[PDB]
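So the structure is just underneath, and the comments pick up after that.
Neighbour counts run over all protein chains shown; Cβ positions are idealised from the backbone, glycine included. Every number here is computed from the coordinates shown, using simple stated rules; none is lab data.
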Amino acid sequence: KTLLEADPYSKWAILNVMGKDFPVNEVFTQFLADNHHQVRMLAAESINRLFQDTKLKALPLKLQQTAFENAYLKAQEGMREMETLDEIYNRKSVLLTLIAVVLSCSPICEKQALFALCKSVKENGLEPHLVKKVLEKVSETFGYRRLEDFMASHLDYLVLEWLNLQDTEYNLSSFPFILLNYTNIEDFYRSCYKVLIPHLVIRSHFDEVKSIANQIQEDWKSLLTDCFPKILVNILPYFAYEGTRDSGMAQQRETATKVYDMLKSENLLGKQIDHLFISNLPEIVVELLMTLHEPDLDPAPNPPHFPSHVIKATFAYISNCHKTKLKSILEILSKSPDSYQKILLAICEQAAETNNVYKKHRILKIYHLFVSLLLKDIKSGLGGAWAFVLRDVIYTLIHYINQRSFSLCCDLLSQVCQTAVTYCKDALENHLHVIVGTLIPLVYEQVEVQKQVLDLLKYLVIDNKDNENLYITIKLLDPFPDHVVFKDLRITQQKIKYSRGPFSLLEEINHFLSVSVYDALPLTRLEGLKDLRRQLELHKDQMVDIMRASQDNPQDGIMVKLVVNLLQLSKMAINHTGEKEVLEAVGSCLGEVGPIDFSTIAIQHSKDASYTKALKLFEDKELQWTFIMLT
């Protein structure tokens, strides 16, 4: 164990005996089947060294899998090398400890270890109570609230690997359903038919699904209709990726072809296949998205996993095979504009419900693929949904940035802003200020993060400063006095800001009020507030004559307007993250000016003119109610 700590990779940890060299890992695994019992538990506890670096870094996939299979075969040999019940139970407990530690310390080999455990439950005859207990221990070790939730996250791989062993004793009825909390196989069917049926659909077990359905008090037609998207996302992709490239990879295409042909039969769903396909378009694209895998150093996803190019070809083939024979899936997806909506609601919900960082990384690279698919067919747009989808994706990206992968998120934001400023002139005219003002406090981060932030800032302030529509947006934004390294930004910020000359105190206050009414997020304004403080500190002498000019109309005081604007911003920010900084900033800003008698008693709350005029032009109470509710 000590030398495994020293040299996990075994670069020089090779021991030579009788002229033959042996790796230390094989020697360590050899002690698993020692005659003395006490060696077994210690070896099971210390085998953690072969699945992680312990210098929390992981290990290469090949080494981890070969160590796992070596440990499994050694445990099997120790089982089969056999009063007796005592050491039989001891060997079973040692095997369970091995299969539990490999689950705990090796997230890469989760699925394979769980499949080995479920096979060994019936093969080795493991005690049900002990294995169940270690299952719930793992469940609340990882963080899952219920053990059934942990079971549901990998049951598809379990059943698929069980059925891919082509064994007579390994059938659906022989699946170890006792492991889950369901009392009887009927409850297991009721709970997991949506997964069990699609696995056997590709295997042409229609008699099996009929025999399950007629005994489950449910119609087989409805059950197959419910599982129709999941079998679509299985058979349909096989027709696209490198058709007839090689026989080994073309046998799947051939069996998919025959399955699709027999599903086109009159008795089967072939009569209404087109109607069901049109009915739920998001339900199949979500499954086409979640099946993405790039073979770096990530846990193995669900057994159906395809690379990015396979997904691209699948969408291309689905678009081509349509009766109208379009070129892109997004064109027929534009027939129902809501399809783009709830899919954005779909991919998000699985990301927030999970807490694993690796699963989050997988779902965010899937989201990268989806946004790339969105942006490669933006020439004609997504109908009238393009503005909504770009706003949704940019706000989701800024939320994922604010919750702290990160480089990939920066790639998404860069790509979407590039597309918006290239193929449009007003896409980023309003929802850009928060993005610009959000990544600045991220400068004090890793070198890659800082480099990406600086690159995005210089792209926004150099390559987009010539846009006529974006001139107002770039002119109206908060300064960045944070670090010296932003001098370039400074020498491209004061030019536009001070194009007409040096702004006075009144001009600075007017600009601050305009940017405050322009943006609804008080946090991103923090730096600007700091400048406002300087504007209150250096230019105190200018607060007299201005108030001399406001005596005629005291009810429109500039200073009181600034005070009430800061008060409104504080009221908005009182229930937001990072409140201790924005509250301190606004308090310091109000502390630069004393309680000057404004000769007013009433407080007027400024409101956007658009909302007031919309209310004014609505002559019906119902119309106003609908407008305010929708807003």
Kindly provide the trypsin sites (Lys or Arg not before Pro) of segment 115-199 that DSSP labels as loop, not H, G, I, E or B, and whose Cβ sees at most 14 other Cβ atoms within 10 Å.
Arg145, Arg146
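How would you order 600-612, 335-347, 511-523 from highest to lowest mean count of nearby Cβ atoms within 10 Å?
511-523, 335-347, 600-612
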Percent relative contact order for segment 544-626, counting Cα pairs under 8 Å at least six residues apart, stands at 28
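What is segment 515-563 by shape, rounded, prolate or oblate, if you read a ≥ b ≥ c off the alpha carbon gyration tensor as root eigenvalues and call it rounded for a/c under 1.5, prolate for a/b larger than b/c, and oblate otherwise?
Taking the square roots of the gyration eigenvalues as a ≥ b ≥ c, segment 515-563 is oblate.
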Calculated from backbone phi, Karplus (6.51, -1.76, 1.60) coupling profile of segment 111-125 in Hz, x at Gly/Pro:
5, 5, 5, 5, 5, 4, 5, 5, 5, 6, 4, 8, 6, 7, x
Note to self: C-alpha centroids of segment 582-618 and segment 53-89 sit apart, in Å, by 69
Cα-only Rg/Rh for segment 28-165 with Kirkwood Rh rounds to 0.95
Can you list residues from other chains, or at least 5 along the same chain, whose modelled amide H is less than 5 Å from the amide H of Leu292?
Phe306
Could you compute Rg(Cα) / (2.2 N^0.38 Å) for segment 35-95, with N its residue count?
1.30
List the trypsin sites (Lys or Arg not before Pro) in segment 492-525 that DSSP assigns to loop (not H, G, I, E or B) and whose Cβ has at most 11 other Cβ atoms within 10 Å. Which are they?
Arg500
List the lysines whose alpha-carbon lies under 16 Å from that of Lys465, not counting same-chain residues fewer than 8 positions away?
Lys425, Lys475, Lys495, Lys497
Using alpha carbon centers only, segment 357-428 is separated from segment 494-531 by a whole-angstrom value of 29
How big is Rg to Rh over segment 530-625, alpha-carbon atoms, Rh as the Kirkwood inverse-mean-distance radius?
1.08
Looking at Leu583, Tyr340, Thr324, which one has the Cα that reaches farthest to the positive end of the dipole of the chain (charges on Cβ: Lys, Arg +1; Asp, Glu -1)?
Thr324
So what's the convex hull volume per residue for the Cα atoms of segment 193-329, in Å³?
126
Mind listing the phi-derived Karplus ³J(HN,Hα) values for segment 64-70, rounded to whole Hz, using 6.51, -1.76 and 1.60 with θ = phi - 60°, and x for any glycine or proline?
4, 5, 5, 5, 5, 5, 5
P(r) of segment 10-55 in 5 Å steps, Cα pairs, percent per bin?
5, 19, 24, 22, 17, 11, 2
For segment 412-479, what Kirkwood radius comes out of the mean inverse Cα-Cα distance, in Å?
12.5
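Using the scaling law 2.2 N^0.38 Å as the reference, what is the normalised Cα Rg of the chain?
It is 1.25.
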Candidate cut points under GluC sites (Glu not before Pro) in segment 152-212, DSSP loop plus at most 13 other Cβ atoms within 10 Å of their own Cβ, are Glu169
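Rank-order 176-185, 285-294 by packing density, defined as the average count of other C-beta atoms within 10 Å over each peptide's residues, highest first.
The packing order, highest mean first, is 285-294, 176-185.
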Positive end of the charge dipole of the chain (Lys, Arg +1 and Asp, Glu -1 on Cβ, about the Cα centre): tell me which of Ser414, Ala520, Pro229 has its Cα farthest that way.
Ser414
